[PDB]
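need a 3D model of the sequence below.
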Amino acid sequence: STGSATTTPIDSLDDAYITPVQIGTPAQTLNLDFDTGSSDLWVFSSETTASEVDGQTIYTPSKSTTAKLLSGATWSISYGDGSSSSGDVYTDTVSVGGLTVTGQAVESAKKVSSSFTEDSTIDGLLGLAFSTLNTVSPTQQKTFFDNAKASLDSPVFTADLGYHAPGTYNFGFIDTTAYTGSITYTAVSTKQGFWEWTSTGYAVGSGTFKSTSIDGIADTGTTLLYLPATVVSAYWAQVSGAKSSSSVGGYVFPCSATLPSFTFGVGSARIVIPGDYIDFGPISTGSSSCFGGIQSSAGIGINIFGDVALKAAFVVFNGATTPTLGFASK
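Residues are numbered from 1 along each chain as shown. Coordinates below:
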């Protein structure tokens, strides 16, 4: 089997992407944030504290003929941005882009933090990291990908995120029309439960490539590119008037600037992030200070190849017995 679903930016900045997901019988379609940096499929629901729901579509298990309480199971998760959610668990039928899993754990939120409530466009998360990170207790649950894997034509999914445009998540096949040149594959460590890999270096604009190992994670659920402070300083030093602002919480730059590209290495191959991808617009409405899309990972404890980086590539998440990542230009 295969599946193929379109993923759509939630706003004009590509702050996140949402993908429609069918849950239950008859189908309830929720727009979920596919997150290769976490491993829980959780939704706004009929159980969510009413004051914490503001415009989201909810899952109502009582209206699904295939929903079953997973008795005694609870979940609770905290993300890198400080947000959180928790609740109880149902099993139900879940379909993505025509690919169906029966018996998927659907984590129903009883509580969500303010950043979830305030984002009316995201109805929950669908985690695509390794199932070792899933938070369900006392019986850990599998991701949608892990449950689908054995049925897929190939044990893979791909992320093809758009810049200010829709893109695609495919399951079980590699669309050879969706990228240019060849795919370069690189090793993955699953020790921390992430799609963790090592980039071979970077370049800023038309500058020379610096060969250096940068360990980090491929994380579709993170907006920005978080890299070591040395790398990030070298990038922003090429932008007149850019500075790190402790009041704003990262590097800002004049909205009048033209940003240089940023290249990262994948083995001997190179992915180029155009400068425009690094502009996250005014820090507050009407400001002439703009927020940068490349930020320091200092204090986060890991480098993160978030959407800024991934949207410049066609990315293969290879879930074979020995997982690997693939990157192609597009």
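
what about the helices in the protein?
114-118, 144-148, 229-236, 307-310 (DSSP state H).

reformat these as JSON lines; add mean neighbour count and distance to residue 55.
C-beta coordinates here come from the backbone N, C-alpha and C atoms, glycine included. Listed next are those as JSON lines, based on neighbours: other Cβ atoms under 10 Å; distance: least, Cβ to Cβ, whole Å:
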{"stretch": "helix 114-118", "mean neighbour count": "16", "distance to residue 55": "9"}
{"stretch": "helix 144-148", "mean neighbour count": "23", "distance to residue 55": "25"}
{"stretch": "helix 229-236", "mean neighbour count": "18", "distance to residue 55": "35"}
{"stretch": "helix 307-310", "mean neighbour count": "26", "distance to residue 55": "23"}
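
looking at these, which is nearest to residue 128?
helix 144-148 (5.5 Å; Cβ to Cβ).

chain neighbours aside, what residue packs nearest to the residue positioned nearest the centre of the chain?
By Cα atoms, centre = their mean, the chain has its centre lying nearest to residue 220, at 1.8 Å. Setting aside the residues directly before and after it, residue 220 is nearest to residue 36 in space (Cβ to Cβ, 6 or more residues apart in numbering), at 4.5 Å.

kindly report the same for residue 38.
Nearest residue to residue 38, sequence neighbours excluded (Cβ to Cβ, 6+ apart): residue 127, at 4.2 Å.

who touches the residue nearest to residue 220 in this structure?
Taking Cβ atoms under 8 Å, 6 or more residues apart in numbering, we find residue 36 in contact with 128-129, 159, 194-195, 217-221, 317.

domains in this protein, by residue range?
5-174, 175-330 (curated CATH domains).

now do the same contact list for residue 40.
For residue 40, the contacting residues are 75, 77, 107, 125, 127, 134-136, by Cβ under 8 Å, 6+ apart.

if we use 6 Å, what do you get?
77, 107, 127, 134-135 (Cβ atoms under 6 Å, 6 or more residues apart in numbering).

same question, residue 240
The contact partners of residue 240, taken as Cβ under 6 Å, 6+ apart, number zero.

how close does it get to residue 322?
According to Cβ to Cβ, to the nearest Å, residue 240 and residue 322 sit 46 Å apart.

ok, residue 8 next?
For residue 8, the distance to residue 322 - Cβ to Cβ - is 33 Å.

okay, those two: which has more neighbours?
For the pair residue 8 and residue 322, the greater number of neighbours falls to residue 8 (16 against 9), based on other Cβ atoms under 10 Å.

are any of the contacts of residue 36 buried, and which?
128-129, 159, 194-195, 217-221, 317 (16 or more other Cβ atoms under 10 Å).

could I get those residues as CSV with distance to residue 102?
What follows is those, written out as CSV (distance: Cβ to Cβ, whole Å):
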residue, distance to residue 102
128, 19
129, 22
159, 25
194, 27
195, 26
217, 30
218, 28
219, 28
220, 25
221, 25
317, 22
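
biggest separation within those residues, which pair?
159 and 194 (14.3 Å).

name whatever forms a beta bridge with residue 189.
When bridges are called by DSSP bridges, residue 189 pairs up with residue 196.

please work out how many residues are found near it.
Using other Cβ under 10 Å: residue 189 sits among 14 other residues.

ok, it to residue 16 distance?
Distance from residue 189 to residue 16, by Cβ to Cβ: 26 Å.

rewinding a little: let me see the backbone angles for the residue nearest to residue 220.
phi -70, psi 0 (degrees, to the nearest 10).

thinking again about what came up before, quick one: which of the contacts of residue 36 sit in strands?
Mapping these onto strands (DSSP state E) picks out 159, 217-218, 317.

any chance of the residues you listed in JSON lines, with distance to residue 300 too?
Converted to JSON lines, the ones in strands among the contacts of residue 36 look like this (distance: Cβ to Cβ, whole Å):
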{"residue": "159", "distance to residue 300": "21"}
{"residue": "217", "distance to residue 300": "10"}
{"residue": "218", "distance to residue 300": "15"}
{"residue": "317", "distance to residue 300": "22"}
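
for those residues, which one is nearest residue 81?
Set against residue 81, the nearest of these by Cβ to Cβ is residue 217 (14.6 Å).

excluding its backbone neighbours, what's nearest that closest one?
residue 194 (4.2 Å).

same thing with residue 40?
Using Cβ to Cβ, 6+ apart, the closest residue to residue 40 is residue 127 (4.8 Å).

partner residues bridging the one you found?
Here residue 127, judged by DSSP bridges, has bridge partners residue 35.

with residue 7 instead?
Bridge pairing for residue 7 - DSSP bridges - gives residue 167.

likewise for residue 90?
Assigned bridge partners for residue 90, using DSSP bridges, are residue 69, residue 106.
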